[PDB]
Amino acid sequence: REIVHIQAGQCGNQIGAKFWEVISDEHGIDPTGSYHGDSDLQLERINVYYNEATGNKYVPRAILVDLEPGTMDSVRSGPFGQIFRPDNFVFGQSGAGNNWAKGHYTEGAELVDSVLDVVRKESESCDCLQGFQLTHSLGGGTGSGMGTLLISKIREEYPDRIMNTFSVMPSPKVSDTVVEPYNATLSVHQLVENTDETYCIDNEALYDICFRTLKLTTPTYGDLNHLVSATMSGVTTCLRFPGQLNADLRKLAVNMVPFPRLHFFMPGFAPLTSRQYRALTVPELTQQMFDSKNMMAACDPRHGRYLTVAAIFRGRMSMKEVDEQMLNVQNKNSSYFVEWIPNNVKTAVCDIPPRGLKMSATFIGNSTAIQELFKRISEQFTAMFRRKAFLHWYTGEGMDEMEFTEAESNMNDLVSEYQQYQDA
Amino acid sequence: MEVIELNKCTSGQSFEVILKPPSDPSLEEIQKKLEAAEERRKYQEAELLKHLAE
Amino acid sequence: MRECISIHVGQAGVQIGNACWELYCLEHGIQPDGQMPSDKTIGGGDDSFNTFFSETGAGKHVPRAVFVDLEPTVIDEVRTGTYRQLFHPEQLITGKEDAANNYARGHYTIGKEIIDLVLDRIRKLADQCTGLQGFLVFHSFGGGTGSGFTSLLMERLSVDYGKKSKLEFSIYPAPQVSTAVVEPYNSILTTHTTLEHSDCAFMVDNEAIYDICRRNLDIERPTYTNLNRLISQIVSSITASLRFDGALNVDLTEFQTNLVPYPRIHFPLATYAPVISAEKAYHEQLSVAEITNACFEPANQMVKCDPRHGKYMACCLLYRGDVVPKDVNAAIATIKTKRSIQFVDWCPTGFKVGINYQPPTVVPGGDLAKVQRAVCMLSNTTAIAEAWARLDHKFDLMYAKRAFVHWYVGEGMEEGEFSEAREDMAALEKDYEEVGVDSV
Amino acid sequence: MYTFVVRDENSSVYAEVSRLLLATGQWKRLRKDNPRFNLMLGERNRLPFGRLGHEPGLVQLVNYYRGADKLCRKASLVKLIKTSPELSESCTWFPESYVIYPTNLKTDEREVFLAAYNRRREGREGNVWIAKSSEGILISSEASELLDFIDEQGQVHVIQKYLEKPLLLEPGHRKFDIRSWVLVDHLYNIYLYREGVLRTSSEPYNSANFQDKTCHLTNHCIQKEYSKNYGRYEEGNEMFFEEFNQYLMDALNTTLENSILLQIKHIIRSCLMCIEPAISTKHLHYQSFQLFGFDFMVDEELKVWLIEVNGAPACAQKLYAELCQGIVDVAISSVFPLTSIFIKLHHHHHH
Ligand SMILES: Nc1nc2c(ncn2[C@@H]2O[C@H](COP(=O)(O)OP(=O)(O)OP(=O)(O)O)[C@@H](O)[C@H]2O)c(=O)[nH]1
Ligand SMILES: COc1cc(-c2ccnc3cc(-c4ccc5c(ccn5C)c4)nn23)cc(OC)c1OC
Ligand SMILES: Nc1ncnc2c1ncn2[C@@H]1O[C@H](COP(=O)(O)OP(=O)(O)CP(=O)(O)O)[C@@H](O)[C@H]1O
Ligand SMILES: Nc1nc2c(ncn2[C@@H]2O[C@H](COP(=O)(O)OP(=O)(O)O)[C@@H](O)[C@H]2O)c(=O)[nH]1
Ligand SMILES: [Ca+2]
Ligand SMILES: [Ca+2]
Ligand SMILES: [Ca+2]
Ligand SMILES: [Cl-]
Ligand SMILES: [Mg+2]
Ligand SMILES: [Mg+2]
Ligand SMILES: [Mg+2]
Ligand SMILES: [Mg+2]
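Chains as they are written, first to last, in PDB author numbering: chain B, 2 to 42, 45 to 278, 282 to 360, 369 to 438; chain E, 6 to 28, 44 to 74; chain A, 1 to 440; chain F, 1 to 106, 125 to 152, 158 to 361, 372 to 384.
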């Protein structure tokens, strides 16, 4: 049943806000938390992400975290800003300066216990909590450093719940500062250890998609977050709408993760949309959703092998045609699925389509090609670290070079682990 | 082909036709097994909480 | 008269249980509130139907059933559904967190905390039994509860009721009907720990039921309701001799005497004919010969396999409807000449036949047309071992890389139980090949 | 794009079918144990028929009929012929044969076998026999020798009447056997390949010393090995049908069709129609085809005798190309679409 959602830092709160805007519009709930839909399917699984309020208003089970107040004041100002429980706005004043160390060890340590208090109050109001989802970036300081500190604290207090993240990967093409590879490498090690499933969202891929196929010449963070919103709505369909598949992350985790550390998923969406009218056929949805150009992680699926795949079709369509088309990408490209995991592609369907489309598909791949993302981050890390460049920002908050050496060793290990199964 | 042991009743009939003749662990062992798995779980959890405390 | 308690475990066992009890009520004239007008002995009895229903002072006819699911949503639909009044609240048992497709979580972790409550509820039903023969256990192979909790329940029932017989109806996993990727693991594991506790087990491959529904019912994408009403017809065929007057398979012990000479090889193949669509405008009724012949087509079996390439150890025909002995023997005669039916040397080549004159009843609004005669054949053939070969191979592919194993060890299971279970299945496949193959 | 896997590397004929299929541009080979194939070219031993026809969304086809080995093992075939009413103990085209189990193993016919021998010696009949199994063959008039020898070896053996009066080609006064390739498709059509071959002895047949077995054993292996005159008359000691026809026309005033082939087609049809109910895949969830090699003898009265059926034959070198193209055409592309080289064997007589 219930999921407790956390969004941390600048990117965490902007994507998290637009996620809650998108899915609240799906579920009919308006900016004041008042329902206004025409179907009861909108409310059957509404408890997974919402608490029912006095007056049977619906309030997101969402906690909003930052070390500065800027972005969260923009959220409270934003379209659905008032939908959020005001007690759930937890913010410091100093910021983290794009500094993992500040997020994880100094500034964030000061704030983290107050975040855990709001977590606890949301958990206690849950009939039966199944776990947590975090939206954050890995390239800054709050979502990266404090976000992973929170993930560590939450596992300590709830070691048997599911921890799930949507983690935005930094890219030099959409880059705020040079220290992103450092922040991301430090964060990735925390994620390997302390989450059950991580959706790897590559700002590189969101950029290329916005540029090469949506034809947006100058993509903003707004354009990037449109894609993220649509993808997040898609992967959480089973958590929010009635179906033969009930809303639980554990079963998804069990069927997607053959080895505990390899839980980094390559997401994808079709049709790729900027904010048209053409009917998309089921064969088209299927060919696109598997297209490397529709992947939100800038890795090439043909460079690795799929361990597991989950696919989620939305709209009115023939599941006979869906079944057929799914069977035919796997029968026509059986090379790219590991033969030692039989029937490793799962297909779900949901009658309700997202806003503005009559038919969509969401792709969720556990591919060994995701190593390309981690190698890329690792090469950027190493190019600075071999000169100890920009380390003083981190040693000044107490960190030692050893902890950097350990973190890159961990990520290179994770890369070797992916490679081992691409050749097995 | 012999038709034998015919039984009739108002519900139906039954018979046999022959074409051709021929040519546990304890309750305590269970509760022990269940407790041994439980302590393997509580150990691994202690190893995690020790790691988190480091 | 001796009573039989039905136990439904996990989603598959509960939903199939509901199909079965719906059918049973329709067959015995019991209405959804448990009233049976034709039951003239009010508040008591020892008729044949009493082996499955108990009676209350007010005239309520109550299934000798317990439903058990580790999460509430499936049995809640029983509690609120059209047969809500049929069952005593105490017979519907739900946890709140399920076994997540994990045998070890259903067996070890969640099982430890609910097994005593279930046995106590099972005991309340045993206590209103003048003479209990034992249990009918419905469960999936692939679910975490259906596999893991069931095997724990089977072990304890052996302890608490050691002289009783235990029959299973087990849904075998098929990728066409939504399937967890670790269901081969769950299957082998629950077969290994249940093998000595089960006297007779009827496997239903969801693949065969699915294809029967597409091919013979013209349902292009069958639902669980489609699948379960068909399974329910077959189960009803199999149990009708415990609920109705007759002299074949009158108690659970006869099932093992008649179908299982070797106790490990206790998996009879069910074949059922005819399955006819209720939307079929013009249908010409099939004869005794035609439906008995259909018992030897693989497309009609509950497990797709090829009985020509194996040997038989036993064979029963259960007919329902307009059937008389001499037509059966005429049909058998013609069939032995045109078909590969070889028995093991130490068994007679013969058929135990049971006829019940009431044709199959069909659920109103179901997919099955009413027919004038139907048959369910129960044959203990070694060809069913094909299903174990398929399962074991899939198990072998994954376990060679230890894929997903960490999920089981994390519930407190030791990796070695995997290889133990797989070794047992290795023996079982060889038993089957010993009995049913002579050397090339 | 159809998919296939190869699980017999040592098969001359399906190697060529493998390459023929790639060259279509519409077939891609998968790795041995990839289960998502359309076509399995399977192993000779322990082919896992139980795992076929369970892949959703894949029509699957294998190049072997499960159960067809009862035709293709010497002891099996004898038991099949004696026991099946369509073939009968009274079967005019099969040599008298008796299954003999060695004494270590202790069903077996060996004392109903000597009934026939004793009948024959007291009958002053030609009384050579041959003992064989599924290279270790004994041709003797001494029964008391033959059961000696079987039990020194450890596997089950067949004792069969020896064809003392074989047709001998001249010049050469020399023995031969005929090999026919027949293809049974998924529909159980029975196709005879129009080209057979005569595997000839290059030694004159001598009926007084069976101890030497090179004019008595027409195996291509033994002839290229032991016999002085390999290659002497025919290329590779293989005579083809156009020659053997012409010889029959000149030497004996008949043709291959009338004097021999009618009999051969009748034997093929009768064997495969006998086991069809046991091996047909007509209503099965996977489908079978298979290539067989039938081996016949001709006696001097131009009566044809079946000596064995081979379930995994090799082809004659010159014929590989045409046969293998034909297997793709009628066995494979029949199921997976992209003047015939086969004679369909069908007869429907009314009685
Ligand atoms: N024929 C049929 N198969 C079912 C049904 N429900 C589930 N199955 C199959 O059983 C397997 C899944 O097992 P479930 O019974 O759903 O699992 P469970 O016992 O409830 O255990 P958890 O959900 O893991 O706690 C799959 O192969 C399903 O296809 C049903 O109603 N009818
Ligand atoms: C909460 O989110 C979701 C949950 C589920 C979900 C719910 C209940 N049971 C299952 C079982 C599998 C599952 C997953 C992968 C599998 C198999 C079999 C093979 N593979 C690779 C089964 N998923 N699942 C499903 C979703 O979509 C696919 C969800 O959204 C992504
Ligand atoms: N009853 C018999 N009478 C006369 N000749 C016989 C015979 N049985 C076998 N032969 C001869 O022995 C040779 C081969 O015997 P066999 O039946 O074992 O073939 P084989 O299995 O060894 C090789 P292949 O499988 O290619 O035919 C035949 O070619 C024939 O010359
Ligand atoms: N797709 C997307 N990426 C963002 C957004 N904001 C920041 N990023 C990226 O996030 C990294 C900087 O992290 P940020 O969230 O601003 O730091 P924090 O506030 O300290 O947690 C860099 O990789 C930015 O490119 C956003 O709104 N959308
Ligand atoms: Ca401070
Ligand atoms: Ca009564
Ligand atoms: Ca017992
Ligand atoms: Cl007892
Ligand atoms: Mg920023
Ligand atoms: Mg505090
Ligand atoms: Mg369940
Ligand atoms: Mg041979």
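Backbone N, C-alpha and C define an ideal beta-carbon position, used for all residues, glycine too.
Check	Outcome
Note down the Cα distance separating residue 446/A from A331/A, rounded to an integer number of angstroms.	Look at the range of chain A in this structure, 1 to 440, and you will see that residue 446/A is not part of it.
What in chain E is Cβ-close to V159/A, meaning under 9 Å?	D44, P45, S46, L47 and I50
At a threshold of 7 Å, does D69/A count as lining ligand 11 (C-beta to nearest heavy atom)?	yes
I need the straight-line Cα distance from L132/F to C91/F, nearest angstrom please.	20 Å
Which class does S340/A belong to by DSSP, given the choice of helix, strand or coil?	coil
What I want to know is whether the C-beta of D179/B ends up closer than 7 Å to one or more non-hydrogen atoms of ligand 9.	yes
Compute the Euclidean distance between the alpha carbons of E345/F and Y216/F, then round it to the nearest angstrom.	10 Å
Can you find a CB in chain E that lies within less than 8 Å of the CB of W388/A?	no
I want to know whether the stretch 27-44 of chain F touches the stretch 379-399 of chain B - three or more CB-CB distances under 8 Å.	no
Can you tell me where the alpha helix (DSSP H) holding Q233/A begins and where it ends?	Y224 to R243
Check each residue's C-beta against every heavy atom of ligand 12 and list, in chain order, those closer than 7 Å.	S152/F, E331/F and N333/F
How about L153/A and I5/A: are their beta carbons less than 8 Å apart?	no
Listed in chain order, which residues of the stretch 374-404 of chain A have Cβ atoms closer than 7 Å to some Cβ of chain B?	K394, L397, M398, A400, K401, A403 and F404
Per DSSP, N50/B forms a beta bridge with which residues?	Its beta-bridge partners do not exist; DSSP assigns none.
Using a strict less-than 5 Å threshold between each residue's beta carbon and the heavy atoms of ligand 8, what residues do you get?	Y161/A, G162/A and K163/A
Note down, in chain order, each residue of its chain lying with its Cβ closer than 7 Å to the Cβ of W388/A, except the 5 sequence neighbours on either side.	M425, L428 and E429
Say yes only if the C-beta of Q11/B is nearer than 7 Å to one or more non-hydrogen atoms of ligand 9, and no if none qualify.	yes
Report the partner residues of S19/E according to the DSSP bridge assignment.	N12/E and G354/A
Indicate, with yes or no, if ligand 2 has a heavy atom lying under 7 Å from the CB of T314/B.	yes
Give the single residue among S232/A, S158/A and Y432/A whose Cα lies nearest to the Cα of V14/A.	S232/A
So what does DSSP say about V207/F, is it helix, strand or coil?	strand
Quick check on DSSP: helix, strand or coil for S174/B?	strand
Just to check my reading of the structure: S232/B and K19/B have Cβ atoms closer than 8 Å, yes? What is that Cβ distance to the nearest angstrom?	5 Å
Would you tell me roughly how many angstroms separate the C-alpha atoms of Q11/A and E183/A, rounded to the nearest one?	14 Å
When burial is assigned at 16 or more other CB atoms within 10 Å of the CB, is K218/B buried or exposed?	exposed
Mind pulling the chain B residues with CB within less than 8 Å of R36/F?	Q336, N337 and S340
Answer yes or no: does any C-beta atom of chain F fall closer than 8 Å to that of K430/A?	no
Would you mind stating whether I162/F and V146/F have Cβ atoms separated by less than 8 Å?	yes
Considering only the alpha carbon of each residue, which of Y161/B, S277/B and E345/B lies closest to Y210/B?	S277/B
May I ask whether a heavy atom of ligand 9 can be found less than 7 Å away from the beta carbon of residue 155/F?	Within chain F, residue numbering steps from 152 directly to 158, and residue 155/F belongs to the interval with no atoms modelled.
Applying a beta-carbon distance threshold of less than 9 Å, which residues of chain A neighbour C131/B?	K96 and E97
Would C213/B and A354/B qualify as a contact pair, given that the criterion is a beta-carbon distance under 8 Å?	no
Between the C-alpha atoms of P245/B and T94/A, what's the straight-line distance to the nearest angstrom?	21 Å
Assuming contact is defined by CB atoms lying nearer than 8 Å, are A9/B and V68/B in contact in what I supplied?	yes
Confirm the yes/no value for this check: CB of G143/B, any heavy atom of ligand 9, distance under 7 Å.	yes
Is the beta carbon of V9/A sitting closer than 8 Å to the one on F149/A?	yes
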